[PDB]
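See below for the structure under consideration.
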Amino acid sequence: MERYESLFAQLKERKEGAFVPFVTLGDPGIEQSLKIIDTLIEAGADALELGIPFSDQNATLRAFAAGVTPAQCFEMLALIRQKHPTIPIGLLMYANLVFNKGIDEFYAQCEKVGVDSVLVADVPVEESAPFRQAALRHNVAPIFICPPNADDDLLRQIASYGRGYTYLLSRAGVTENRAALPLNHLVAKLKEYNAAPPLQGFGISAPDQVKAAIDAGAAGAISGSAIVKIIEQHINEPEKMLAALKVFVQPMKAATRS
């Protein structure tokens, strides 16, 4: 019962970084989204970063209310867990949905469907207590974003608070008084303070970029835009969309090996 931990030990032993693709659950549809995720895994994904969309009695237009509901998202999440029992599953989201459902209740449902971690992107690390507590109470790993221009205090806070993995923001992600430092420095400090293994994210869409992150010491990499662009390119060709996704994922994953 430590999916990230188990995963990172297996990867390290094999001298490999982790490739973590990101997709928004339900895009472009529920059935196709599940197939997209299976193809990602079959192609070499070590863990998943899944976005959970949110936007809210009396209807108006089908296009207004349009969207996959949060209940449908957890349902999906449970099927994914059922088909792939050991793959680390992490959610990426904003707080409103968490606030909507209720803090404790939201993490309680993450634990029921087998979600391993949660990154509420818009929550400052200083105002994270209610989220951390809910996370640990339901055996979910609370995730924090480490900015590349973080001072030593923030690095320490993130190191003692995070579990599972630390989300390391690339230099391209910033923007502004303290300069954005090189990945190598941050990786070294995080290790120094015993932070959870770092996964780098933002702007990483090519094999050479993934290789550079792992050579700099990152435990892995995350990528989203390239997958979004592939979906849109074959939005009308579902099967062709899958083949094209497998073609993108293999080189990215290969680049994590040495």
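To be explicit about the labels: the chains of the structure tokens are called A, B, and onward in the order shown, and within each one the residues are counted from 1, while ligands get numbers from 1 in the order they are shown.
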For this session: Find the spatial neighbours of region 116-123 of chain A, counting only C-alpha atoms, within a cut-off of 8 Å - ignore same-chain residues fewer than 3 positions away - and output them as a list in words.
Result: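 In the requested form, the answer reads residues 3, 4, 88, 89, 90, 91, 92, 93, 94, 95, 110, 111, 127, 128, 135, 139, 140, 141, 142, 143, 144, 145 and 164 of chain A.
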Could the residues in this selection be saved with N, CA and C atoms as a tab-separated table (two decimals), in the first residue's frame?
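Writing done, so here's result.tsv:
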chain	number	residue	atom	x	y	z
A	3	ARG	N	1.99	2.73	-3.53
A	3	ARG	CA	2.21	2.61	-4.96
A	3	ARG	C	3.36	3.41	-5.56
A	4	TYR	N	3.51	4.67	-5.15
A	4	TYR	CA	4.60	5.48	-5.69
A	4	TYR	C	5.91	4.90	-5.21
A	88	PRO	N	0.50	3.70	-10.04
A	88	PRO	CA	0.19	4.86	-9.19
A	88	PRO	C	-0.77	5.81	-9.93
A	89	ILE	N	-1.86	6.19	-9.27
A	89	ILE	CA	-2.83	7.08	-9.90
A	89	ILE	C	-2.89	8.37	-9.12
A	90	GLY	N	-2.55	9.47	-9.80
A	90	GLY	CA	-2.56	10.77	-9.15
A	90	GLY	C	-3.49	11.74	-9.83
A	91	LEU	N	-4.22	12.51	-9.03
A	91	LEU	CA	-5.14	13.48	-9.59
A	91	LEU	C	-4.55	14.87	-9.50
A	92	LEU	N	-4.86	15.68	-10.50
A	92	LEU	CA	-4.42	17.07	-10.59
A	92	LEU	C	-5.70	17.91	-10.72
A	93	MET	N	-5.89	18.85	-9.80
A	93	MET	CA	-7.13	19.61	-9.82
A	93	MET	C	-7.08	20.93	-9.05
A	94	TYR	N	-8.15	21.71	-9.19
A	94	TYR	CA	-8.27	22.96	-8.46
A	94	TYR	C	-9.15	22.66	-7.25
A	95	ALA	N	-9.12	23.54	-6.25
A	95	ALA	CA	-9.86	23.37	-5.00
A	95	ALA	C	-11.40	23.43	-5.03
A	110	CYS	N	-11.68	9.28	-2.90
A	110	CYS	CA	-10.44	9.01	-3.62
A	110	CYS	C	-9.91	7.69	-3.08
A	111	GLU	N	-10.01	7.53	-1.77
A	111	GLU	CA	-9.57	6.31	-1.12
A	111	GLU	C	-10.44	5.10	-1.49
A	127	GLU	N	-1.54	27.20	3.49
A	127	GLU	CA	-2.97	27.00	3.77
A	127	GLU	C	-3.39	25.57	3.42
A	128	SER	N	-2.45	24.63	3.51
A	128	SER	CA	-2.71	23.24	3.15
A	128	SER	C	-3.11	22.28	4.26
A	135	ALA	N	-6.08	14.10	3.44
A	135	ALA	CA	-5.32	13.16	2.63
A	135	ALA	C	-4.79	12.00	3.46
A	139	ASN	N	-5.54	7.81	3.68
A	139	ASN	CA	-4.41	7.13	3.03
A	139	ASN	C	-4.13	7.60	1.61
A	140	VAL	N	-4.23	8.91	1.40
A	140	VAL	CA	-3.96	9.50	0.10
A	140	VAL	C	-2.73	10.40	0.28
A	141	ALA	N	-1.83	10.40	-0.71
A	141	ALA	CA	-0.63	11.23	-0.65
A	141	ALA	C	-0.90	12.67	-1.05
A	142	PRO	N	-0.63	13.62	-0.15
A	142	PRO	CA	-0.83	15.05	-0.43
A	142	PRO	C	0.36	15.52	-1.28
A	143	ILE	N	0.09	16.09	-2.45
A	143	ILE	CA	1.16	16.54	-3.34
A	143	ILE	C	1.35	18.05	-3.33
A	144	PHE	N	2.61	18.48	-3.37
A	144	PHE	CA	2.94	19.91	-3.39
A	144	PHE	C	3.83	20.28	-4.58
A	145	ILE	N	3.65	21.49	-5.10
A	145	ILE	CA	4.42	21.98	-6.23
A	145	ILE	C	5.68	22.72	-5.77
A	164	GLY	N	4.60	10.42	-1.54
A	164	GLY	CA	4.48	9.90	-2.88
A	164	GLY	C	5.50	10.47	-3.85
For residue 12 (chain A): contacts at 12 Å, only C-alpha atoms, fewer than 2 positions along chain excluded, given as a PDB file with N, CA, C and O atoms, in the first residue's frame:
ATOM      1  N   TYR A   4       3.511   4.671  -5.147  1.00  0.00           N
ATOM      2  CA  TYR A   4       4.596   5.482  -5.688  1.00  0.00           C
ATOM      3  C   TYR A   4       5.914   4.900  -5.205  1.00  0.00           C
ATOM      4  O   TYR A   4       6.865   4.698  -5.974  1.00  0.00           O
ATOM      5  N   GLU A   5       5.943   4.594  -3.918  1.00  0.00           N
ATOM      6  CA  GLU A   5       7.132   4.033  -3.315  1.00  0.00           C
ATOM      7  C   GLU A   5       7.569   2.732  -3.994  1.00  0.00           C
ATOM      8  O   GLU A   5       8.732   2.576  -4.368  1.00  0.00           O
ATOM      9  N   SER A   6       6.636   1.797  -4.139  1.00  0.00           N
ATOM     10  CA  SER A   6       6.940   0.531  -4.783  1.00  0.00           C
ATOM     11  C   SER A   6       7.450   0.802  -6.189  1.00  0.00           C
ATOM     12  O   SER A   6       8.482   0.280  -6.576  1.00  0.00           O
ATOM     13  N   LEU A   7       6.725   1.638  -6.935  1.00  0.00           N
ATOM     14  CA  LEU A   7       7.112   1.988  -8.293  1.00  0.00           C
ATOM     15  C   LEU A   7       8.531   2.563  -8.373  1.00  0.00           C
ATOM     16  O   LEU A   7       9.354   2.095  -9.166  1.00  0.00           O
ATOM     17  N   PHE A   8       8.822   3.571  -7.555  1.00  0.00           N
ATOM     18  CA  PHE A   8      10.148   4.186  -7.607  1.00  0.00           C
ATOM     19  C   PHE A   8      11.306   3.231  -7.267  1.00  0.00           C
ATOM     20  O   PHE A   8      12.419   3.386  -7.780  1.00  0.00           O
ATOM     21  N   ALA A   9      11.053   2.243  -6.414  1.00  0.00           N
ATOM     22  CA  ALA A   9      12.101   1.295  -6.050  1.00  0.00           C
ATOM     23  C   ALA A   9      12.389   0.399  -7.259  1.00  0.00           C
ATOM     24  O   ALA A   9      13.548   0.124  -7.584  1.00  0.00           O
ATOM     25  N   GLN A  10      11.328  -0.038  -7.931  1.00  0.00           N
ATOM     26  CA  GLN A  10      11.468  -0.891  -9.102  1.00  0.00           C
ATOM     27  C   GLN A  10      12.217  -0.149 -10.235  1.00  0.00           C
ATOM     28  O   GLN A  10      13.116  -0.720 -10.870  1.00  0.00           O
ATOM     29  N   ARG A  14      16.138  -0.681 -11.809  1.00  0.00           N
ATOM     30  CA  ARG A  14      16.312  -0.851 -13.259  1.00  0.00           C
ATOM     31  C   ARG A  14      17.022   0.347 -13.897  1.00  0.00           C
ATOM     32  O   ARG A  14      17.160   0.409 -15.118  1.00  0.00           O
ATOM     33  N   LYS A  15      17.465   1.301 -13.088  1.00  0.00           N
ATOM     34  CA  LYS A  15      18.135   2.477 -13.638  1.00  0.00           C
ATOM     35  C   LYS A  15      17.209   3.189 -14.628  1.00  0.00           C
ATOM     36  O   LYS A  15      17.605   3.468 -15.759  1.00  0.00           O
ATOM     37  N   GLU A  16      15.981   3.482 -14.201  1.00  0.00           N
ATOM     38  CA  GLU A  16      15.006   4.147 -15.062  1.00  0.00           C
ATOM     39  C   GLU A  16      14.229   5.256 -14.374  1.00  0.00           C
ATOM     40  O   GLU A  16      13.942   5.195 -13.170  1.00  0.00           O
ATOM     41  N   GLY A  17      13.883   6.271 -15.156  1.00  0.00           N
ATOM     42  CA  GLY A  17      13.054   7.333 -14.622  1.00  0.00           C
ATOM     43  C   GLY A  17      11.626   6.898 -14.927  1.00  0.00           C
ATOM     44  O   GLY A  17      11.391   5.887 -15.610  1.00  0.00           O
ATOM     45  N   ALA A  18      10.656   7.638 -14.430  1.00  0.00           N
ATOM     46  CA  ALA A  18       9.272   7.295 -14.716  1.00  0.00           C
ATOM     47  C   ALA A  18       8.684   8.238 -15.773  1.00  0.00           C
ATOM     48  O   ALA A  18       8.999   9.430 -15.804  1.00  0.00           O
ATOM     49  N   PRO A 197      10.338  11.530  -4.077  1.00  0.00           N
ATOM     50  CA  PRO A 197      10.950  11.605  -5.412  1.00  0.00           C
ATOM     51  C   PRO A 197      10.294  12.649  -6.315  1.00  0.00           C
ATOM     52  O   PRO A 197       9.073  12.723  -6.417  1.00  0.00           O
ATOM     53  N   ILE A 214      15.823  13.335 -16.499  1.00  0.00           N
ATOM     54  CA  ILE A 214      16.356  12.199 -15.761  1.00  0.00           C
ATOM     55  C   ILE A 214      17.884  12.286 -15.581  1.00  0.00           C
ATOM     56  O   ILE A 214      18.411  11.850 -14.560  1.00  0.00           O
ATOM     57  N   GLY A 217      18.800  14.205 -12.732  1.00  0.00           N
ATOM     58  CA  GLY A 217      18.453  13.605 -11.453  1.00  0.00           C
ATOM     59  C   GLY A 217      16.992  13.430 -11.084  1.00  0.00           C
ATOM     60  O   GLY A 217      16.679  12.793 -10.077  1.00  0.00           O
ATOM     61  N   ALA A 218      16.091  13.989 -11.879  1.00  0.00           N
ATOM     62  CA  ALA A 218      14.668  13.851 -11.599  1.00  0.00           C
ATOM     63  C   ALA A 218      14.288  12.365 -11.639  1.00  0.00           C
ATOM     64  O   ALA A 218      14.810  11.593 -12.450  1.00  0.00           O
ATOM     65  N   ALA A 219      13.389  11.969 -10.743  1.00  0.00           N
ATOM     66  CA  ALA A 219      12.925  10.595 -10.680  1.00  0.00           C
ATOM     67  C   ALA A 219      11.962  10.313 -11.831  1.00  0.00           C
ATOM     68  O   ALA A 219      11.599   9.171 -12.056  1.00  0.00           O
ATOM     69  N   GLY A 220      11.547  11.340 -12.571  1.00  0.00           N
ATOM     70  CA  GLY A 220      10.647  11.078 -13.682  1.00  0.00           C
ATOM     71  C   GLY A 220      10.141  12.337 -14.344  1.00  0.00           C
ATOM     72  O   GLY A 220      10.548  13.426 -13.962  1.00  0.00           O
ATOM     73  N   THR A 256      13.533   7.386 -20.728  1.00  0.00           N
ATOM     74  CA  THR A 256      13.733   7.374 -19.283  1.00  0.00           C
ATOM     75  C   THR A 256      14.782   6.334 -18.903  1.00  0.00           C
ATOM     76  O   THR A 256      15.281   6.345 -17.784  1.00  0.00           O
ATOM     77  N   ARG A 257      15.099   5.431 -19.828  1.00  0.00           N
ATOM     78  CA  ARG A 257      16.076   4.382 -19.557  1.00  0.00           C
ATOM     79  C   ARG A 257      17.474   4.867 -19.857  1.00  0.00           C
ATOM     80  O   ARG A 257      17.664   5.813 -20.613  1.00  0.00           O
ATOM     81  N   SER A 258      18.455   4.213 -19.258  1.00  0.00           N
ATOM     82  CA  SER A 258      19.844   4.573 -19.478  1.00  0.00           C
ATOM     83  C   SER A 258      20.596   3.323 -19.918  1.00  0.00           C
ATOM     84  O   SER A 258      21.133   3.323 -21.048  1.00  0.00           O
TER      85      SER A 258
END
For this session: Find the residue from A:149, A:250, A:33, A:82 that sits nearest to residue 181 (chain A); use only C-alpha atoms when measuring.
Result: A:149
Need to verify the contact set: residue 56 (chain A), 12 Å, only C-alpha atoms, exclusion of same-chain residues closer than 5 positions in sequence. Can you return it as a PDB file with N, CA and C atoms, in the first residue's frame?
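Printed below is part.pdb as written:
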ATOM      1  N   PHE A  64     -24.661  23.910 -22.157  1.00  0.00           N
ATOM      2  CA  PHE A  64     -24.258  24.659 -20.975  1.00  0.00           C
ATOM      3  C   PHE A  64     -23.826  23.702 -19.872  1.00  0.00           C
ATOM      4  N   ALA A  65     -24.748  22.832 -19.474  1.00  0.00           N
ATOM      5  CA  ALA A  65     -24.495  21.854 -18.426  1.00  0.00           C
ATOM      6  C   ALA A  65     -23.465  20.804 -18.853  1.00  0.00           C
ATOM      7  N   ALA A  66     -23.276  20.671 -20.164  1.00  0.00           N
ATOM      8  CA  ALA A  66     -22.348  19.702 -20.748  1.00  0.00           C
ATOM      9  C   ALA A  66     -21.086  19.415 -19.926  1.00  0.00           C
ATOM     10  N   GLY A  67     -20.660  18.147 -19.962  1.00  0.00           N
ATOM     11  CA  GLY A  67     -19.471  17.711 -19.248  1.00  0.00           C
ATOM     12  C   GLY A  67     -19.611  16.357 -18.565  1.00  0.00           C
ATOM     13  N   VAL A  68     -18.480  15.800 -18.143  1.00  0.00           N
ATOM     14  CA  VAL A  68     -18.459  14.526 -17.436  1.00  0.00           C
ATOM     15  C   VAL A  68     -18.588  14.976 -15.986  1.00  0.00           C
ATOM     16  N   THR A  69     -19.471  14.341 -15.220  1.00  0.00           N
ATOM     17  CA  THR A  69     -19.660  14.721 -13.814  1.00  0.00           C
ATOM     18  C   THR A  69     -18.558  14.131 -12.924  1.00  0.00           C
ATOM     19  N   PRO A  70     -18.389  14.686 -11.712  1.00  0.00           N
ATOM     20  CA  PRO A  70     -17.359  14.172 -10.807  1.00  0.00           C
ATOM     21  C   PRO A  70     -17.653  12.727 -10.399  1.00  0.00           C
ATOM     22  N   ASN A  96     -11.972  24.224  -5.922  1.00  0.00           N
ATOM     23  CA  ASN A  96     -13.425  24.351  -5.995  1.00  0.00           C
ATOM     24  C   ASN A  96     -14.187  23.021  -5.934  1.00  0.00           C
ATOM     25  N   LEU A  97     -13.764  22.028  -6.711  1.00  0.00           N
ATOM     26  CA  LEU A  97     -14.437  20.730  -6.679  1.00  0.00           C
ATOM     27  C   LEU A  97     -14.326  20.106  -5.293  1.00  0.00           C
ATOM     28  N   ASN A 100     -16.586  21.930  -3.214  1.00  0.00           N
ATOM     29  CA  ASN A 100     -17.947  21.558  -3.585  1.00  0.00           C
ATOM     30  C   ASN A 100     -18.413  20.316  -2.825  1.00  0.00           C
ATOM     31  N   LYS A 101     -17.685  19.219  -3.000  1.00  0.00           N
ATOM     32  CA  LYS A 101     -18.027  17.954  -2.358  1.00  0.00           C
ATOM     33  C   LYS A 101     -17.807  17.919  -0.849  1.00  0.00           C
TER      34      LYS A 101
END
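Counting only C-alpha atoms, the residue from A:212, A:47, A:221, A:155 that sits nearest to residue 188 (chain A) is A:155.
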For this session: Give me, please, the distance in Å between CA of residue 200 (chain A) and CA of residue 223 (chain A), quoted to one decimal.
Result: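 According to the coordinates, CA of residue 200 (chain A) and CA of residue 223 (chain A) are separated by 9.0 Å.
The closest residue to residue 30 (chain A), picked from A:48, A:74, A:248, A:62 and counting only C-alpha atoms, is A:74.
When the distance limit is 9 Å and only C-alpha atoms are what count, the residues near residue 76 (chain A), minus those fewer than 6 positions from it on the same chain, are residues 25, 26, 30, 34 and 113 of chain A.
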